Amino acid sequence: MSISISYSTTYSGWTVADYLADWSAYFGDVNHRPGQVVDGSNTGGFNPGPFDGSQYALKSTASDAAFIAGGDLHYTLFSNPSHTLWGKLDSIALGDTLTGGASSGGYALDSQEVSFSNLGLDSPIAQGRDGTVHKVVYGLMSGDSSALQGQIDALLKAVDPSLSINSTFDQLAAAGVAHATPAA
């Protein structure tokens, strides 16, 4: 039930908060909003889709950044409550260069920098766009990871009250929550 974090050794001395503030700005905002949607540019994709998946993945339109959201996710499109992403969010993986899809056995990052697993998030359809899953993932699409940061901060303090998003990855490794992965 405890949050698990992976990080490239490159980020060992970063705080989680500082990494996510930079990642949000580096990915930027794909502008998935009325009158701005561009299929194959700023929709992302589900595995296996078309409107539900064990993964939802999106590449930046500003940089090589990409994320993969993992769990059991559902998008309502026009159906009440419209344009809601709901369901279970277990993991967020952040890095560069999205590959794959259903036919490849899933989505993958060429360079996975950081991931957060065992997030334990579950938002029902009835909450619509006010659901935590919706707000966490939409923040990643739109250059504001405040919602994700708050959920990670809460999960860390729940493992041990000395931990927070102001901890470095190396501090979270010493606390048994985080695990170093190979550098790009």
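All residue numbers are counted from 1 along the displayed sequence. Throughout, rigid core stands for the largest set of C-alpha atoms superposing within 1.5 Å between the two forms.
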Revision key, fill the gap. Superposing the other structures by the rigid core, the farther-displaced stretch by RMS over CA atoms in 6 other deposited structures of this protein, of 41-49 and 140-148, is 41-49
Review point. Do the Cα atoms of 102-110 stray more than those of 67-75 in 6 other deposited structures of this protein, or is it the other way round, with the core held fixed?
Key: 102-110
Review point. Mean CA B-factor: is it higher for 30-38 or for 43-51?
Key: 30-38
Study note, to complete from the structure: Mean Cα B-factor check, 81-89 vs 107-115, entry values; winner is 107-115
Study note, to complete from the structure: Of the three thirds of Cα B-factor ranks in this chain, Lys135 occupies the lowest
Review point. Among the modelled residues of its chain, does the C-alpha B-factor of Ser4 lie in the lowest, middle or highest third?
Key: middle
Revision key, fill the gap. Quick tally, chain-level thirds of C-alpha B-factors: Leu163 sits in the middle
**Study point:** Chain-wide C-alpha B factor ranking for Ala183, given as lowest, middle or highest third
**Key:** highest
**Study point:** Chain thirds of CA B-factor: placement of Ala126
**Key:** highest
